[PDB]
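The residues making up each chain are set out below.
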Amino acid sequence: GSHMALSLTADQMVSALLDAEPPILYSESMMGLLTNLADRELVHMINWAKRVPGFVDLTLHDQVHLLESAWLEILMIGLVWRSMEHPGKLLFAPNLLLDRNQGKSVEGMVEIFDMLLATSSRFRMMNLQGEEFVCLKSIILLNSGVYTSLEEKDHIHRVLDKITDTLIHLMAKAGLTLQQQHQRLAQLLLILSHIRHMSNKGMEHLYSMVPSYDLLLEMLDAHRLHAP
Amino acid sequence: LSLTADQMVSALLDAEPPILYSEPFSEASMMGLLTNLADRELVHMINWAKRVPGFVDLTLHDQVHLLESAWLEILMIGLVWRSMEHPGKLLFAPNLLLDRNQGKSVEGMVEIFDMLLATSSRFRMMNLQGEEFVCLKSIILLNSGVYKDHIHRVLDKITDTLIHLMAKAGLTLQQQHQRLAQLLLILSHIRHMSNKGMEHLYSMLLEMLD
Ligand SMILES: Cc1cc(F)ccc1-c1c(Cc2ccc(/C=C/C(=O)O)cc2)c2ccc(O)cc2oc1=O
Ligand SMILES: Cc1cc(F)ccc1-c1c(Cc2ccc(/C=C/C(=O)O)cc2)c2ccc(O)cc2oc1=O
């Protein structure tokens, strides 16, 4: 059978997102290594993205739009998640744990590094859970590009409300008061604005030294050819 | 800090800057007109910043950084608010209502226009209220240069304040959290616009604060 996204309970949404997680990939000149990693991560992101409840309900063209706006933020949230148990360090991959100082070997890279580090330490001191993380990553995929067919927008927003509900359930089951539930949610959603900022600074940097709409369309298209 | 939700709102409503006026247009004239308008609003913005509860308690360094980081986001949300009832147009001032065609007269400008219009169309579709608006505007000032325990206390207070307005208007407990989220996710898109806007402006405080 098939569960429509707007029918999911909070626990079924959490279970769907946890089950969709991509694996942690390994690293194979700093930049060449990072690009290869991202490239490989990308193929997996696509598989993940189609398992986000509500995503395949959209037109294909709308799917690519959302993925074109969100892809670098998604890479980044994952990076900051992996880096959480390693203060001062970015875990690009387990064989590629880089610190602030190595970052200074690439011009302008330290600033983004420091932004990424600060986001990671904020997640750490907030004690972000795995179950919250997956909610935030999905929110990113659905939200980044939604402000740039009226039924598609409404549907995307209704799925966003569902993940929000799911985040509130997690916080209520963790014992937070209503005030605390609202404040932590707000705090998590503001971190998302900073992740957007990081992404834009990241993109500026990449264009100055990248998946287009057309490649992501092709990669989305290619997914349908995968052997199950 | 000590204030109630009512007092916070009241304070925010009282601190609101005025709507300024602009002083047929060419490209260079339209941009001079927008520049001079924004220059004039920045003065009032600094003044409004100082009346935001919690802001002057920060160090002057933190006050300058937040404002330097957030000024365009603030200009932009004020614009999107003003333009809300004007489908397909940006109300930069009552005497400077500009349509999508008018923005095509400067290289790169129209892309930002569309993004501003979408934001504005989104606040209309949501029925953004004045009191919610002022809360969001203050969240932007406190959030945009944030990444310190004190900033986050004020933020939590504004969150609480937004929720109380929502409660006051009869929204269920689920509707409240849903709406709060929908609004703070708009803040992501406003940050993005600011970034795009800054990029374009490179393709060309200490006093009022101290
Ligand atoms: C650290 C950094 C600085 C930038 F300034 C731009 C991007 C990054 C960055 C990369 C590096 C990166 C390098 C190249 C590309 C290019 C992709 C492509 O060409 O398809 C993408 C990311 C990254 C790679 C893998 C990953 O899991 C997370 C990451 O998070 C980041 O913030
Ligand atoms: C529409 C736009 C496109 C850009 F690409 C950059 C900024 C804007 C923009 C401006 C125009 C603007 C033009 C010049 C300057 C400053 C120039 C300078 O200091 O030299 C600032 C704003 C603006 C002006 C007043 C206002 O209330 C809101 C506004 O919102 C915007 O998004």
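For this deposition, the record names X-ray crystallography as the technique by which the model was determined and cites 2.19 Å as its resolution.

The PDB entry lists chain B under the name ESTROGEN RECEPTOR, from Homo sapiens.

Chain A carries the name ESTROGEN RECEPTOR in the PDB entry, which gives Homo sapiens as its organism.

Residue and element names in this part refer to chain B. Near ligand 2 there are 17 residues, and of these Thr35, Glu41, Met76, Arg82 and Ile112 occur at the shortest range. In the model, an oxygen atom of ligand 2 is placed 2.5 Å from a nitrogen or oxygen of the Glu41 side chain. Residue assignment for the shell around ligand 2 shows that the elements contributing at least two residues are α2 (27–50), α3 (60–82), α5 (109–126) and α8 (173–201). The element best represented in the shell around ligand 2 is α3, accounting for six residues. Classifying every residue of the shell around ligand 2 by side-chain character gives 12 nonpolar, three polar and two charged.

Between its first and last C-alpha, α5 of chain B extends 26 Å over 18 residues, near the 26 Å set by a 1.5 Å rise per residue. Of the residues flanking the end of α5 of chain B, it is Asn127 of chain B, one or two places downstream, whose phi is positive at about 60°.

Our focus in this paragraph is the site of ligand 1. All names here are of chain A. Neighbouring ligand 1 are 20 residues, the closest being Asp39, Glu41, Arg82, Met109 and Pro211. Side-chain polar atom of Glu41 to an oxygen atom of ligand 1: 2.4 Å apart, as the coordinates give it. One of the side-chain nitrogen or oxygen atoms of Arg82 is found 3.0 Å away from an oxygen atom of ligand 1. The protein chains hide 95% of the 640 Å² of surface that ligand 1 would expose on its own. Counting residues per element, the ones that place at least two in the shell around ligand 1 are α2 (30–49), α3 (60–82), α5 (109–125) and α8 (178–207). Split by residue class, the shell around ligand 1 holds 14 nonpolar, three polar and three charged.

Cut-offs and rules
Residues numbered from 1 in each chain as written, not as in the entry; some residues may be left out. Chains lettered and ligands numbered in written order. Heavy atoms only, no water. Residues with missing side-chain atoms left out of burial classes, pairs and counts. Near = heavy atom within 4 Å. Polar contact = N/O pair within 3.5 Å; in protein donor to acceptor, adjacent residues only side chain to side chain. Helix = DSSP H or I, 4+ residues; strand = E, 2+ residues; numbered from the N terminus. Nonpolar A, V, L, I, M, F, W, Y, C, P; charged D, E, K, R; others polar. Expected span 1.5 Å × (residues − 1). Areas by Shrake-Rupley, 256 points an atom, 1.4 Å probe, with all protein chains shown as cover.

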